Amino acid sequence: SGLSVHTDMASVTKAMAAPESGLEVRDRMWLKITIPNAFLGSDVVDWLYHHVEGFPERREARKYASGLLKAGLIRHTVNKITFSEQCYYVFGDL
Amino acid sequence: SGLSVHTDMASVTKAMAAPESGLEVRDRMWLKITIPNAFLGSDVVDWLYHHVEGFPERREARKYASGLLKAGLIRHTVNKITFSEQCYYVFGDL
Amino acid sequence: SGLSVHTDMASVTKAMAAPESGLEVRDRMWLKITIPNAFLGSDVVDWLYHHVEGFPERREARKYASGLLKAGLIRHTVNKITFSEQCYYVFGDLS
Amino acid sequence: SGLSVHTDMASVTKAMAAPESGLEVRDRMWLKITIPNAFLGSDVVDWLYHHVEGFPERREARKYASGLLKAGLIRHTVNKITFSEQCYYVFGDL
């Protein structure tokens with residue numbers, strides 16, 4: 001009722017902005033970047049477990065993925081120290 | 001069979017990197033950024049069409065959201081001209 | 001100020017349920033479904049605009065995408081009819 | 001440029017559906033359901049930690065909330081046993 005297309009734009013925006021207005025407001029944003037030949041930690045861990053003999057289990061395939069990052073043979077896409085499976089990586093020099 | 005834990009680390013990585021290695025790759029990644037009080041264009045459009053009388057179809061609500069961006073009352077999170085429902089937005093100076 | 005871990009649980013819940021309690025309460029919910037090989041309308045238009053010659057502008061790619069939905073070559077994941085770039089689709093029968 | 005507006009529609013779609021076509025695809029989707037008076041598990045835990053006395057930290061608030069689901073005071077909107085902060089709930093019989 002109380003707001004319509006005749007209300008000034010600035011006031012409608014302040015209404016949408018006020019606490020408890022109804023608007024979904026969260027403390028994050030997801031941006032899509034086009035980086036050819038990237039991959040997830042989980043895809044590296046998979047590939048090593050299934051293609052490289054001698055791992056007693058998957059957690060050792062994950063430690064090996066981790067040493068590849070330390071060695072700079074894969075690289076983080078934004079600056080991070082520690083390996084995670086959920087993060088995206090690209091290849092180092094080679 | 002031909003790769004195991006005894007193999008050269010760099011050689012194992014160059015095999016993973018080759019064409020047709022089986023390594024799941026693709027050309028896009030998603031980054032999460034912590035922006036306080038950010039919101040989706042689609043939710044702005046949901047809020048308007050739900051709370052502001054005078055819109056005959058949802059498209060007039062999207063066009064109004066477009067006008068809010070032109071006016072600087074909402075703002076893009078990254079350098080972009082035109083409005084989209086899939087992008088993330090913050091409020092301007094109010 | 002005067003609710004604590006010693007208060008009646010049902011009374012706490014009631015306090016949180018009252019008007020103006022400050023709990024975020026809203027007429028919506030969002031659900032994650034696992035659907036292998038699902039794609040967004042906007043990615044279909046993008047694919048068609050970049051790979052199929054003869055689209056003078058991007059809106060013509062959109063209308064073609066709508067004509068895929070209408071012919072059943074792609075399918076909405078819920079009960080809708082009209083094409084939207086924001087919804088998720090899957091492939092129809094292609095055998 | 002082997003495909004145009006002249007090509008068979010079914011053949012264009014089979015192209016798009018082929019391994020390595022370039023079409024961006026995913027194994028998850030998000031759906032909006034209109035449900036009156038629904039709230040996020042993390043919003044309940046926040047509301048408890050801020051307005052109820054005697055929680056030395058946030059994990060004790062999370063546990064109380066999980067207790068609230070067990071007693072039937074809040075309820076899951078999809079059949080799930082256990083409590084989780086990213087799932088949606090409604091009020092029970094009050």
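Throughout, protein chains are lettered first and strands after them, A, B, ... in sequence-line order, and every chain is numbered starting at 1.
- Contacts with chain A were tallied for B:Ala10, B:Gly2, B:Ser1; B:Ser1 has the most, counting heavy-atom pairs under 4.5 Å.
- If you measure heavy-atom distances from B:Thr13 to chain A, the contacts under 4.5 Å come from both the backbone and the side chain.
- Between the B:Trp47 side chain and the A:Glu24 main chain, no donor and acceptor come within less than 3.5 Å of each other.
- Residues A:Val52 and B:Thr7 form no side-chain contact, since every pair of their non-hydrogen atoms from C-beta on lies 4.5 Å or further apart.
- With a 4.5 angstrom heavy-atom cutoff, B:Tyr64 touches chain A via backbone and side-chain atoms both.
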side-chain contact (heavy atoms from CB on, under 4.5 Å) between B:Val25 and A:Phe91, worked out: CA-CA 11 Å; B:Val25 301; A:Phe91 283 111; 5.7 Å; no

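- Heavy atoms only, all atoms of each residue included: A:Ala17 and B:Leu94 are closest at CB-CD1, 4.0 Å.
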A:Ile33/B:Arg28 under side-chain contact (heavy atoms from CB on, under 4.5 Å): CA gap, chis, key distance, verdict: CA-CA 6 Å; A:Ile33 317 240; B:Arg28 76 201 155 102; over 6 Å; no

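- Counting heavy atoms from C-beta outward, B:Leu31 and A:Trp30 have side chains that stay 4.5 Å or more apart.
- For chain B, no part of A:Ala71 is nearby; none of its heavy atoms comes within less than 4.5 Å.
- Comparing B:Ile74, B:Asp43, B:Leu73 by heavy-atom pairs within less than 4.5 Å of chain A, the highest count is held by B:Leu73.
- The environment of CZ in B:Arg58 is crowded: more than 12 heavy-atom neighbours from other residues, nucleotides or ligands sit within 6.0 Å.
- Judged as a side-chain contact (heavy atoms from CB on, under 4.5 Å), and not counting sequence neighbours, the contacts of B:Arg75 are B:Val90.
- Judged purely by atom type and a 3.5 angstrom limit, A:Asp27 uses its side chain to pair as donor or acceptor with the backbone of B:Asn37.
- Considering only heavy atoms from C-beta on, B:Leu68 comes within 4.5 Å of A:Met16 through its side chain.
- Both the backbone and the side chain of B:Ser21 come within contact range of chain A, with heavy atoms under 4.5 Å apart.
- Heavy atoms from other residues, nucleotides or ligands lying under 6.0 Å from NZ of B:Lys63 number 12 at most.
- With a threshold of 4.5 angstrom between heavy atoms, B:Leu48 approaches chain A through side-chain atoms but not through N, CA, C or O.
- Judged by distance alone, with hydrogens and angles left aside, the side-chain atoms of B:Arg26 form a donor-acceptor pair with the main-chain N or O of A:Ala38 at under 3.5 Å.
- What you find for A:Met29 and B:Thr77 is that their closest heavy atoms are SD-OG1, 3.7 Å.
- The shortest side-chain heavy-atom distance between B:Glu53 and A:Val5 does not fall under the 4.5 Å cut-off.
- Using a 4.5 Å cut-off between heavy atoms, A:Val44 touches chain B through backbone and side chain atoms alike.
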